[PDB]
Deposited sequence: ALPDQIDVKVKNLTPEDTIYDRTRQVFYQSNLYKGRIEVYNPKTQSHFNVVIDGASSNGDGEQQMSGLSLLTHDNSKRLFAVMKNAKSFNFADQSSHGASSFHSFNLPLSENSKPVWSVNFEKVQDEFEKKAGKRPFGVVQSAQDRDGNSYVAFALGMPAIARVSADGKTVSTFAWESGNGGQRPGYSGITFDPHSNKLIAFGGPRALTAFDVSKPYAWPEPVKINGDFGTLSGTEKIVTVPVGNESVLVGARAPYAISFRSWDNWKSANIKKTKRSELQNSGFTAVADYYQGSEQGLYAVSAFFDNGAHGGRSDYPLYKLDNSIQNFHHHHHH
């Protein structure tokens, strides 16, 4: 059976994001403060890191590792790394003009891996502000379409999504909308659904917002929730879980993992929830999948932000979530 927890024993990791590579049997995990990717083998417990020249640090760098994503679920050829500015979410010393960046890597990763390409968001931030009136900042997650284009969510300032071409040459303003106030008015997550061929952003102005990927820009498409999502406060990252021939999206809103399933290509979605008490105050930001052979489960990713950069924590548990959230019934029958 799958374990109730996977205890990652890496000191001062702060895994703001974590994703599993089923093919390679490793997790790719943020190291927030050091601005690097940590690669953890849960079977052997071995780990190593991938540093990014000019961005990684000893814990006090300007840029920090947030989101990680795979090109495809299986046999992924590439991994994408979002780096936010260290001051974006420092609400006592906040900036909307810091350096931030995005990197494409070939898989498999090794200690000496370097990006295929890298971009930064300064110019696109200026363009968003010029056209919409507010400067977005706080890059938190990206999603890749079938052709390898990336769509990067901004959580702060205003709701905004930057597109980065598959070849890294063009960073563009893809989508945006007005915010409705608050410290975190933008999208807290984004994921891609290969079945509908849509992006779905989590949080901000509403629970879920869909976008088509076929054109240079996209209008936000509000998703009607067939149920009661609840508060928008505290939403984090959202992921796509393949369940048979379908997609179930799973978002974090501590202490809940909240899942979604659509039968109409994201015009609407049904909703399920689960929670665990450990996730009340663990820095729960994301859900990861995990496999041992053909056995699959979902695990909560907890950053433990209360540690800071050097607080000494050396246990980063990933906690198993109830499978109820990945079992939808459209309807008795």
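Residues 332 of the deposited sequence are the only ones with no C-alpha coordinates in the structure.
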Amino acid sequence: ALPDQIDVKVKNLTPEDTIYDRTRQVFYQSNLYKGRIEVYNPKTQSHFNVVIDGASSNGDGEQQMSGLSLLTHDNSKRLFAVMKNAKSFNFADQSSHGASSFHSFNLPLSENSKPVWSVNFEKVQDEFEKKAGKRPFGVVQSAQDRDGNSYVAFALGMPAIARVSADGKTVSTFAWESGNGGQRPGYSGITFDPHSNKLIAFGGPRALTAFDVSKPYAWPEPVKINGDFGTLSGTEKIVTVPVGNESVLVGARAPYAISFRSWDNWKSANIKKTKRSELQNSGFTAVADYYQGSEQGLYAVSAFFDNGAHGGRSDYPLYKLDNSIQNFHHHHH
From here on, numbers count along this sequence of modelled residues.
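For the segment pair 84 to 92 and 173 to 181, the entry gives 84 to 92 the higher mean B-factor, averaged over Cα atoms.
Mean C-alpha B-factor is higher over 288 to 296 than over the other stretch, the pair under comparison being 288 to 296 and 60 to 68. The PDB entry assigns its highest CA temperature factor, among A160, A257, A132, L107, to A132. Taking only the listed residues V243, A207, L156, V250, the entry reports the highest CA temperature factor at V243. Placement of the Cα temperature factor of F305 within the chain: highest third of the modelled residues, per the deposited record. Among the modelled residues of its chain, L32 has a C-alpha B-factor that falls in the middle third, as given in the PDB entry.
In the PDB entry, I225 places in the middle third of its chain by CA B-factor. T18: CA B factor lies in the lowest third for its chain, per the PDB record. Remark: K198 belongs to the middle third of its chain, ranked by C-alpha B-factor as recorded.
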